Every structure is written in structure tokens, then in C-alpha cells.
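For what it's worth, the numbering used here labels the leading residue of the sequence shown as 8, then goes sequentially.
Virtual Cβ for every residue (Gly too), placed ideally from N, Cα, C.
Structure first, then comments.
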Amino acid sequence: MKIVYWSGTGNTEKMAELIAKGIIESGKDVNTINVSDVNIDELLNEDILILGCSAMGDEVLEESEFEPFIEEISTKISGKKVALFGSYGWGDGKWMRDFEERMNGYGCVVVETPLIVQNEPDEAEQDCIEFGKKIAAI
Ligand SMILES: Cc1cc2nc3c(=O)[nH]c(=O)nc-3n(C[C@H](O)[C@H](O)[C@H](O)COP(=O)(O)O)c2cc1C
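Below, the structure written as C-alpha cells:
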């Protein structure tokens, strides 16, 4: 499997690592890829797209890298299963509510409730691992 993410301080990166850990513990392989190193064609080949990005300016996806990545794949993912996650700070998930609506609008099947964790996982480390296990069970 593959996990593609953007992280500015490492919070979402840690989430990605824990999600990967859960998938691996379930017995499957998974590569964790920073959005800046993503290979679109190899990504679109996956049965499930696991995408993560923290909440950025005014509750939006990160603008310089993650956003353009989503835009580029937006027309090639109808019918594709996707799982969304990310870390946030002072808000309550507005950027993720919008991210989910967005992918649904592209025709994606959002397979799990999006995983949102405040700041560094910490107490939520197991929740991250479990989200990965849910995805692996599909
Ligand atoms: C410029 C900027 C804007 C942010 N905007 C939001 C926001 O609108 N809502 C929110 O809950 N957190 C917001 N945050 C907080 C980050 O989402 C939070 O610190 C998160 O843990 C960062 O994860 P990352 O290290 O993976 O980037 C913002 C942070 C930065 C740097």
C-alpha cells in the first residue's frame, strides 16, 4: 500500500508512520511517501489512496505542495477508495470536513471516518495505528 502526506513540523508525518505501522502489523507492506516525492502514476495504481495533510491557513489543505497534488489527481480518481488523515491545532476539523467533501465530489469512495489528531499524536498514537489496521482490513 502507499501513504502520501505533507507535514510542516512532523505531526502528520508521525501520524503517517503510525498508520503504516498498523498496516504492517496486519501483515501487509506499505510505503510512506512525502508529497514532494510522490509518483502520480504509481499512486493511481493503488487500490486505496491514503492521503494526509495538516490544517493550514484558514482551515485549508497546505497550498504550495499538497493542494496542487490533489488538483492533479482530482480527475483520475473517480471510483477510487481513499482514506484521509491529518494533524490540526486550535480548530475542530473544518479543513478535514472540506477535504472529505472534496474527495467525495471527485467521485472517490471515502472508506473510513477521516482521522484527525491534535498536534503530535502522543496519547493518540494507538488511534493512528488502529486507523491503519482498519484500512488493512478492507
Ligand atoms: C500557517 C498555519 C496555519 C494553521 N491553520 C490552522 C487552522 O486553520 N486550523 C487548525 O486547527 N490548525 C491550524 N494550524 C495548526 C496545525 O494544523 C498544527 O500545528 C498541526 O499539528 C501541524 O501538523 P504538521 O506538523 O503535520 O504540519 C496551522 C498551522 C500553521 C503553521
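- Linking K28 to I136 through their CA atoms gives a straight-line distance of about 6 angstroms.
- Taking a C-beta distance under 7 angstroms as the contact criterion, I10 and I47 do not qualify as a contact pair.
- When DSSP states are grouped into helix, strand and coil, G93 belongs to the strand group.
- Excluding residues up to 5 positions away in sequence, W13, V42, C60 lie with their Cβ nearer than 7 angstroms to the Cβ of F73 in the same chain.
- Here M8 is actually not in contact with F92; their C-beta atoms are around 14 angstroms apart, not less than 8 angstroms.
- Pairing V117 with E108 gives a Cβ-Cβ distance that is not under 7 angstroms.
- By the CB criterion at 7 angstroms, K141 and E119 fall inside the cutoff.
- When the beta-carbon positions are compared, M103 and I123 come within less than 7 angstroms of each other.
- Annotated as proximal: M110 and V89, with beta-carbon spacing under 7 angstroms.
- Assigned with DSSP and collapsed to three states, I57 falls in strand.
- Here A144 is exposed, its C-beta having fewer than 16 other C-beta atoms within 10 Å.
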